[PDB]
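Chemist: Pasting a structure below so you can have a look.
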Amino acid sequence: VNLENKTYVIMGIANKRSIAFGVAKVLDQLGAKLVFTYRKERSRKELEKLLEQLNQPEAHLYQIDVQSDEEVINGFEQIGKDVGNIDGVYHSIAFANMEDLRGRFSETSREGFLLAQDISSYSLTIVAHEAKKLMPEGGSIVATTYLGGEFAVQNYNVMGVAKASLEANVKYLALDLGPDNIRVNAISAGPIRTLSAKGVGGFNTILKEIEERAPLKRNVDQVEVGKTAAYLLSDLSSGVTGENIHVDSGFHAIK
Amino acid sequence: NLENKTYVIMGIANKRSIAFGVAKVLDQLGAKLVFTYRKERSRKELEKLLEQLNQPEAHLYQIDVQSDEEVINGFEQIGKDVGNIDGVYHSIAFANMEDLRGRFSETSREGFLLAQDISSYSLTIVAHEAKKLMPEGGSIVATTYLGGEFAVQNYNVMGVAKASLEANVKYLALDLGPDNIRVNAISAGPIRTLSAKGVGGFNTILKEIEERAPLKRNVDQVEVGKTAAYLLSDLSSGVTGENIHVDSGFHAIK
Amino acid sequence: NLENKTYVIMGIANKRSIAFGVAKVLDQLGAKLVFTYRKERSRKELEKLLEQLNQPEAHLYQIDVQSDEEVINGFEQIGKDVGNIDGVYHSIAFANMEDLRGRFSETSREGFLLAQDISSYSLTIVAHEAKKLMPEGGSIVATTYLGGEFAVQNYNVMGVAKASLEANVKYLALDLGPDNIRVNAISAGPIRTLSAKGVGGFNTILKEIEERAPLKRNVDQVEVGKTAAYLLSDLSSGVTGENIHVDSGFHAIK
Amino acid sequence: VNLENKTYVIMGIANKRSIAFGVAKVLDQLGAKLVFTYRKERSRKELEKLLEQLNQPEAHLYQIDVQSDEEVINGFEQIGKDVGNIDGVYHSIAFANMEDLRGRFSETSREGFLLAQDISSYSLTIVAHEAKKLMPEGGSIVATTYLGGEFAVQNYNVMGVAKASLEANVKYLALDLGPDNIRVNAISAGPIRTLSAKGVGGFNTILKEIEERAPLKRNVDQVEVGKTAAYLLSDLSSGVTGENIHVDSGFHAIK
Ligand SMILES: NC(=O)c1ccc[n+]([C@@H]2O[C@H](COP(=O)([O-])OP(=O)(O)OC[C@H]3O[C@@H](n4cnc5c(N)ncnc54)[C@H](OP(=O)(O)O)[C@@H]3O)[C@@H](O)[C@H]2O)c1
Ligand SMILES: NC(=O)c1ccc[n+]([C@@H]2O[C@H](COP(=O)([O-])OP(=O)(O)OC[C@H]3O[C@@H](n4cnc5c(N)ncnc54)[C@H](OP(=O)(O)O)[C@@H]3O)[C@@H](O)[C@H]2O)c1
Ligand SMILES: NC(=O)c1ccc[n+]([C@@H]2O[C@H](COP(=O)([O-])OP(=O)(O)OC[C@H]3O[C@@H](n4cnc5c(N)ncnc54)[C@H](OP(=O)(O)O)[C@@H]3O)[C@@H](O)[C@H]2O)c1
Ligand SMILES: NC(=O)c1ccc[n+]([C@@H]2O[C@H](COP(=O)([O-])OP(=O)(O)OC[C@H]3O[C@@H](n4cnc5c(N)ncnc54)[C@H](OP(=O)(O)O)[C@@H]3O)[C@@H](O)[C@H]2O)c1
Ligand SMILES: CCCCCCc1ccc(Oc2ccccc2C)c(O)c1
Ligand SMILES: CCCCCCc1ccc(Oc2ccccc2C)c(O)c1
Ligand SMILES: CCCCCCc1ccc(Oc2ccccc2C)c(O)c1
Ligand SMILES: CCCCCCc1ccc(Oc2ccccc2C)c(O)c1
Ligand SMILES: N[C@@H](CCC(=O)O)C(=O)O
Ligand SMILES: N[C@@H](CCC(=O)O)C(=O)O
């Protein structure tokens, strides 16, 4: 799994705790050229500071709000002109309003539901469509999901239905872009203390339950997600597509 | 037997709708039925279909599930007209034709979100509003297709919206369970319907089921309706967050 | 309504047996019933339980599913006594107590194969023999537990034997489907039975269904029986290779 | 990856076409010390020959018929006396009578059913129990499975039910050995022309269905199972246990 002369776009670093910073640390350490995309200017600033700890000899940062067709279209188009063709995309992007991450699911608003869908699932489809233009030779696209896409986990509410959508999106992209030699997979990460986690009702309780009940008796970290991301983005996984790998201490396997 | 029971059936379009299959079965079993339809020029059509049921009176309500107000005002009116209900059969989906063929990666945002809105989110709001009519509990059933568990060529955007619907069923089942409201899906094999003409490669799937499914035949709307009767009745007490395949066994094989 | 239907119910030991839950339901629905047992004591309990049912005749056959001879001869006798049947409810499993606690990695070969034989293989041979009494088609149902889909502390060797049973259902569905025989499983939530008294941590899992499952209560034998009636009747035509969870929704959550 | 100073035990090489031999080329290339176990004298002979193709400075071969408790016990015990502690085990062992891999599954005999369970599933339980003693600090155990374990595939008949069993066996083993830091996982390989495949009814008609229908539109090979084995056997996959990775061109994902 050595990746020199590989280029990967990582979407969704906000700070040093971001899962996508785990991927980045692991890919960068394996010698890959990286390009980063962000939404808030605070994320770019965090990216500028975190690039000091990476080996990247230059900073490729692109502002892409995935709610914008044109910002995605022109973002990847630009990445293509700056660095040429890419080997894959790590997609670490999701959003839901805080109302919608606690209390009663049946009370979700249309606007809150569609917002979570647009950012957390559909952004993958359009990223894939635009990213494919930079992978004339094939490549690898990995999204980040959560077990709550597969089962009804208390509080995760609108995001779980967005992750269900995301997971199917992976399969349909896998089928569609398969003949083009682009593999499309997901990582189902265990719960990890991140900026966005602070918004999920009951997140602390779940951390403690993994540690008590999951087979490895411990929580996972971002580097662990990065290690599997390296596998999925590299040749090591050449016959794997439409797959969902649980990086979660075995929790998905137990009841 | 379903005498003294009342269900709302959403999604009848013509003689061939899956929902009319459910209608015939529940009607036969003695339930009171209320029907919702999307557009006002399909009211007269619904009115003709009802001539074949033993419904003393025709309870029809226009609801486009794309509007909160229509869902909210619709279900309120149902409550004023008929009282508490025992359950809802949801049989509603939509996607634009150009997204049910060709390359899934080329789906527009508008088309992806439209499908989610109508085929998935509609269950949430319907469940919220229908709950108000079920103080002592009841049963809600949605219609899915196997393409929300696996990628099926051409089903495309609808497949992602069914994955979403099927999650929706589980989250509603978790939320609504303490209120004694069960939420399930039926996963129907392919059936010749008005909407099915819109899906690329449909006939080819009809043929495959016959060759490859364990029962070596296709299912019909009335078979979906018999499983609906079970899900909608006390017979399926204890069963919630479930997806039952009514598909000649196709889901189990590969 | 199951008048003029005949079902074989395998594996009642006492009034707490899941299959007696099945028995009462099909009995209420009008079916003729035939019971098979292994232990002398079970026959005795059956003779006495039959006073609670409307069966005017005791159809009691000793069939230890560890013996081919007994299964074959039993089903043949059953054919001679009552004729063709419409389905079989299989409610049989066994493992040693030592294999239902402490560490799965320590399971003996003998213990492992014992559980497979009795708890999984038994359905294949039953299906084969039962087939002969179903020239027209029928329905076969086996009873599984969620521990065959996920690792559940303590269920151990039985979880592997249930994973095997659930597969068995799928392959039997595939094989027998063109003969119009459906094969399905019911996955029951935990229920205080004689056998359950041997599973380590059974009480603890009982309580946490109450706490965590969508319906926040446990299920009972009669609720399994009502789904059995669904699966064993024409209501579930179209449905095969299926696994229906009668478990208050516990399967859908995490 | 990189696997110097790791030792892996590979069970079930018969000839050059064996899936486990793909595993073996990949771990060998990656620096690993390899120990091999076999049943038939022929398999040992093939192994001595195929060993010239590898970097292994030393042949470590052990006859273990997994139908024999004392052979598994004594084999692992002796492996540990010879090479010390190991980092994991690759299990590539299954068996059924031909009788039982065509025509009607309802006709399967008891003795053939139990035979397929014994070799194809139980063997893992005991292998893991014995392998554990050589992994005081933890390690990785991978077994090999097939989609016919998740779905009724025509003809795979009794082997499907033993794969269902093998796959639950992996989950129960993960929950149990997790606190010992031992991970347990499955590879679900697509159809690969091997000695044993020659005995499965209709195997060629599936090979061609994968090509026409699987997302990647091609079949996979023993080396692709190998490269996922290396991921699963290494620290790359820390946090993954109780998992089933489909290495099958995405066929598991479509209908
Ligand atoms: N931590 C966990 O337990 C957990 C578990 C499983 C999966 N995940 C998934 O992992 C991924 C990363 O989340 P995280 O936990 O690492 O949290 P995070 O560090 O807070 O990252 C979330 C990211 O989403 C980006 N984002 C949100 N909306 C966007 C938009 N419209 N356009 C572009 N970027 C947008 C944010 O960028 P800006 O800040 O610049 O807006 C941020 O970088 C998500 O898909 C999440 O669902 C998290
Ligand atoms: N037919 C199959 O092979 C198959 C298989 C599995 C699952 N399903 C599912 O079964 C359900 C019923 O489909 P069907 O095949 O019976 O098709 P159908 O007869 O054409 O019915 C679909 C219904 O959805 C309604 N609908 C569409 N948009 C709506 C909206 N915005 N508000 C309210 N109603 C709306 C349609 O109304 P209008 O006529 O007014 O447009 C129609 O009544 C769907 O959920 C479908 O996904 C179908
Ligand atoms: N109780 C639960 O929470 C639970 C949950 C999910 C699934 N299940 C399943 O439900 C089914 C019924 O079990 P249960 O809990 O109702 O327990 P039960 O009342 O103890 O029934 C078990 C039955 O298996 C029979 N049996 C065992 N080995 C046999 C053999 N070799 N030949 C013929 N019969 C044999 C027993 O007969 P004898 O007494 O005559 O030996 C007994 O009638 C089993 O599949 C069990 O795994 C139970
Ligand atoms: N090839 C495929 O398309 C395919 C696809 C998915 C999964 N698989 C799985 O892949 C694994 C490897 O099979 P393969 O295709 O590589 O075929 P293979 O080359 O024939 O290997 C099968 C191995 O099983 C060993 N074996 C059988 N019974 C044994 C016993 N009782 N004790 C010790 N070893 C025993 C054989 O050893 P001896 O020759 O010495 O008896 C042989 O090395 C199996 O688990 C199979 O189910 C194969
Ligand atoms: C009850 C659930 C407890 C564990 C949650 C794990 C988790 C934590 C963070 C996640 O990311 C987001 C969640 C909501 C909105 C935005 C993001 C990125 C996320 O997707 C999942
Ligand atoms: C790939 C071809 C096989 C799939 C046909 C099954 C099917 C048929 C009709 C369905 O209903 C709709 C489909 C598209 C748009 C709207 C509806 C209601 C539907 O959801 C599913
Ligand atoms: C970890 C505890 C989880 C509770 C499991 C519920 C249960 C109870 C009884 C069951 O039946 C048997 C179990 C072992 C042996 C024999 C039978 C019939 C059974 O199969 C399942
Ligand atoms: C209809 C089936 C289509 C192809 C199945 C692929 C396959 C091929 C060989 C396999 O290995 C065995 C099969 C039977 C007995 C023993 C082994 C090792 C095996 O386990 C799986
Ligand atoms: N967000 C709080 C709980 C919020 C609530 O009670 O809804 C937590 O992390 O526990
Ligand atoms: N299935 C066999 C031919 C006949 C049979 O096995 O029933 C094969 O293709 O090898």
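Just so we're on the same page: first chain in the structure tokens is A, next is B, and so on; residues restart at 1 for each chain, and ligands are numbered from 1 in the order they show up.
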With a distance threshold of 6 Å and counting only C-alpha atoms, extract the residues of chain D near chain B and express them as a PyMOL selection string.
Modeler: chain D and resi 151-153+253-255
Chemist: Write the residues you've just listed into a file as a CSV table (one decimal), in the first residue's frame, and include N, CA and C atoms for each of them.
Modeler:
chain,number,residue,atom,x,y,z
D,151,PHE,N,-26.9,-16.1,0.3
D,151,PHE,CA,-28.1,-16.2,-0.6
D,151,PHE,C,-28.2,-17.6,-1.1
D,152,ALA,N,-29.4,-18.1,-1.4
D,152,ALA,CA,-29.5,-19.4,-2.1
D,152,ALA,C,-29.0,-19.3,-3.5
D,153,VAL,N,-27.8,-19.8,-3.8
D,153,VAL,CA,-27.2,-19.9,-5.1
D,153,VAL,C,-27.5,-21.3,-5.7
D,253,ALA,N,-23.4,-6.8,-4.5
D,253,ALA,CA,-24.2,-5.5,-4.3
D,253,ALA,C,-25.3,-5.3,-5.3
D,254,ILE,N,-25.5,-6.2,-6.2
D,254,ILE,CA,-26.5,-5.9,-7.2
D,254,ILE,C,-27.5,-7.0,-7.2
D,255,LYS,N,-28.7,-6.7,-7.8
D,255,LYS,CA,-29.7,-7.8,-8.1
D,255,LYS,C,-30.2,-7.5,-9.5
Chemist: Within 7 Å of ligand 9, which residues show up when you count only C-alpha atoms and all ligand atoms? List them as a VMD selection string, please.
Modeler: chain A and resid 102 to 103 198 to 204
Chemist: Taking only C-alpha atoms into account and nothing else, which residues of chain D lie no more than 9 Å away from chain A? Please answer as a PyMOL selection string.
Modeler: chain D and resi 1-2+171-172+174-183+214-217+219-221+224-228+230-231+235-254
Chemist: Only N, CA and C atoms, please: the residues just picked out, written as a short mmCIF file (atom, residue, chain, number, x, y, z; two decimals), in the first residue's frame.
Modeler:
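Result saved to again_2.cif:
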data_model
loop_
_atom_site.label_atom_id
_atom_site.label_comp_id
_atom_site.auth_asym_id
_atom_site.auth_seq_id
_atom_site.Cartn_x
_atom_site.Cartn_y
_atom_site.Cartn_z
N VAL D 1 1.13 -2.78 2.41
CA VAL D 1 1.45 -2.95 3.87
C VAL D 1 2.99 -2.98 4.14
N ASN D 2 3.40 -3.64 5.23
CA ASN D 2 4.73 -4.25 5.41
C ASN D 2 4.80 -5.22 6.59
N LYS D 171 -18.37 -14.38 13.44
CA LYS D 171 -18.89 -13.34 14.31
C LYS D 171 -18.74 -13.77 15.77
N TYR D 172 -19.22 -14.96 16.10
CA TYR D 172 -19.05 -15.47 17.46
C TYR D 172 -17.58 -15.55 17.83
N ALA D 174 -15.19 -13.52 16.79
CA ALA D 174 -14.79 -12.11 17.03
C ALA D 174 -15.21 -11.56 18.40
N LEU D 175 -16.48 -11.81 18.76
CA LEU D 175 -17.03 -11.36 20.03
C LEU D 175 -16.22 -12.01 21.14
N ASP D 176 -15.87 -13.28 20.97
CA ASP D 176 -15.20 -14.06 22.02
C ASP D 176 -13.71 -13.74 22.14
N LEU D 177 -13.03 -13.52 21.02
CA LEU D 177 -11.57 -13.42 21.07
C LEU D 177 -11.15 -11.98 21.01
N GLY D 178 -12.12 -11.10 20.76
CA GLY D 178 -11.87 -9.66 20.77
C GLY D 178 -11.16 -9.09 21.98
N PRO D 179 -11.56 -9.51 23.20
CA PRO D 179 -10.90 -8.96 24.38
C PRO D 179 -9.45 -9.42 24.46
N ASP D 180 -9.10 -10.45 23.69
CA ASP D 180 -7.73 -10.96 23.65
C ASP D 180 -6.98 -10.28 22.53
N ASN D 181 -7.66 -9.32 21.88
CA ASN D 181 -7.11 -8.55 20.77
C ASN D 181 -6.95 -9.44 19.52
N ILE D 182 -7.75 -10.49 19.42
CA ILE D 182 -7.64 -11.30 18.22
C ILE D 182 -8.79 -10.91 17.29
N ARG D 183 -8.49 -10.42 16.09
CA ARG D 183 -9.58 -10.12 15.14
C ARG D 183 -9.94 -11.32 14.27
N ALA D 214 -21.62 -8.21 -12.96
CA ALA D 214 -20.94 -7.56 -11.82
C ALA D 214 -20.49 -6.16 -12.19
N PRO D 215 -20.50 -5.25 -11.21
CA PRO D 215 -20.10 -3.89 -11.48
C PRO D 215 -18.78 -3.78 -12.22
N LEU D 216 -17.76 -4.57 -11.86
CA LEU D 216 -16.47 -4.37 -12.50
C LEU D 216 -16.41 -5.16 -13.79
N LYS D 217 -17.46 -5.91 -14.08
CA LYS D 217 -17.60 -6.56 -15.39
C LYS D 217 -16.49 -7.58 -15.70
N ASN D 219 -14.20 -11.17 -13.76
CA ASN D 219 -13.98 -11.99 -12.58
C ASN D 219 -12.73 -11.59 -11.81
N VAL D 220 -12.57 -12.12 -10.59
CA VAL D 220 -11.42 -11.79 -9.75
C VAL D 220 -10.46 -12.95 -9.74
N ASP D 221 -9.34 -12.79 -9.04
CA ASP D 221 -8.41 -13.89 -9.00
C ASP D 221 -7.88 -14.07 -7.60
N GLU D 224 -6.14 -11.11 -5.92
CA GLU D 224 -7.03 -10.12 -5.33
C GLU D 224 -7.57 -10.55 -3.99
N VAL D 225 -7.82 -11.84 -3.80
CA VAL D 225 -8.19 -12.29 -2.47
C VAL D 225 -7.00 -12.12 -1.56
N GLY D 226 -5.83 -12.48 -2.09
CA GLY D 226 -4.59 -12.27 -1.38
C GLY D 226 -4.37 -10.86 -0.86
N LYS D 227 -4.65 -9.86 -1.69
CA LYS D 227 -4.30 -8.48 -1.31
C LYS D 227 -5.28 -7.97 -0.24
N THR D 228 -6.50 -8.48 -0.23
CA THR D 228 -7.41 -8.22 0.86
C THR D 228 -7.09 -9.02 2.10
N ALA D 230 -4.06 -9.62 3.09
CA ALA D 230 -2.95 -8.86 3.68
C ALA D 230 -3.46 -7.67 4.51
N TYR D 231 -4.46 -6.98 3.95
CA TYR D 231 -5.13 -5.91 4.68
C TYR D 231 -5.69 -6.49 5.98
N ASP D 235 -2.04 -4.63 10.56
CA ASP D 235 -2.49 -3.50 11.38
C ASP D 235 -3.28 -2.46 10.58
N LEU D 236 -3.21 -2.51 9.26
CA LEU D 236 -4.06 -1.69 8.42
C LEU D 236 -5.51 -1.84 8.86
N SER D 237 -5.91 -3.03 9.27
CA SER D 237 -7.33 -3.26 9.50
C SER D 237 -7.64 -3.31 10.99
N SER D 238 -6.78 -2.72 11.82
CA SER D 238 -7.10 -2.60 13.24
C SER D 238 -8.44 -1.88 13.39
N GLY D 239 -9.29 -2.41 14.27
CA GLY D 239 -10.65 -1.93 14.39
C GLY D 239 -11.68 -2.64 13.54
N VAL D 240 -11.23 -3.46 12.60
CA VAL D 240 -12.15 -4.29 11.84
C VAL D 240 -12.17 -5.70 12.43
N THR D 241 -13.32 -6.19 12.88
CA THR D 241 -13.41 -7.60 13.26
C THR D 241 -14.86 -7.99 13.09
N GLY D 242 -15.10 -9.28 12.87
CA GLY D 242 -16.44 -9.79 12.67
C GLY D 242 -16.94 -9.36 11.30
N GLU D 243 -16.05 -8.88 10.43
CA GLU D 243 -16.44 -8.36 9.13
C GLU D 243 -16.38 -9.44 8.04
N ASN D 244 -17.12 -9.25 6.94
CA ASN D 244 -17.14 -10.10 5.74
C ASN D 244 -16.89 -9.20 4.52
N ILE D 245 -15.65 -9.11 4.05
CA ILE D 245 -15.34 -8.30 2.87
C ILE D 245 -15.52 -9.07 1.56
N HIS D 246 -16.43 -8.62 0.71
CA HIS D 246 -16.66 -9.24 -0.58
C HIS D 246 -15.58 -8.81 -1.55
N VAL D 247 -14.76 -9.76 -1.99
CA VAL D 247 -13.78 -9.50 -3.04
C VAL D 247 -14.27 -10.14 -4.34
N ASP D 248 -15.20 -9.48 -5.02
CA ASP D 248 -16.00 -10.18 -5.99
C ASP D 248 -16.47 -9.27 -7.13
N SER D 249 -15.75 -8.19 -7.42
CA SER D 249 -16.20 -7.24 -8.44
C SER D 249 -17.59 -6.60 -8.20
N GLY D 250 -18.04 -6.57 -6.95
CA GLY D 250 -19.27 -5.88 -6.56
C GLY D 250 -20.55 -6.65 -6.82
N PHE D 251 -20.39 -7.90 -7.24
CA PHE D 251 -21.53 -8.75 -7.51
C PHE D 251 -22.49 -8.91 -6.32
N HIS D 252 -21.97 -8.89 -5.09
CA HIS D 252 -22.80 -9.04 -3.89
C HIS D 252 -23.75 -7.86 -3.78
N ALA D 253 -23.43 -6.77 -4.49
CA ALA D 253 -24.16 -5.52 -4.29
C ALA D 253 -25.32 -5.29 -5.25
N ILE D 254 -25.54 -6.19 -6.20
CA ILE D 254 -26.49 -5.92 -7.24
C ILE D 254 -27.54 -7.02 -7.22
#
Chemist: List all protein, DNA and RNA residues that have at least one atom no more than 9 Å from any atom of ligand 5, counting only C-alpha atoms and all ligand atoms, and write them as a ChimeraX atom specification.
Modeler: /A:12,18,92-98,100-102,116,120,144-148,153-160,163,189-207
Chemist: Output as a PyMOL selection string the set of chain C residues within 9 Å of chain B, with distances taken over only C-alpha atoms.
Modeler: chain C and resi 170-171+173-182+189+213-220+223-227+229-230+234-253
Chemist: Measuring atom to atom with only C-alpha atoms and all ligand atoms, identify which of C:198, C:87, C:79, C:21 is nearest to ligand 7.
Modeler: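 Smallest separation from ligand 7 among the options: C:198.
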Chemist: Between atom CA of residue 138 of chain D and atom CA of residue 78 of chain D, what is the distance, to one decimal in Å?
Modeler: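 Rounded to one decimal, the two atoms are 19.1 Å apart.
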Chemist: To one decimal place in Å, what is the distance between atom 38 (P, counted along the ligand's line) of ligand 2 and atom CA of residue 13 of chain B?
Modeler: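 It comes out at 5.6 Å.
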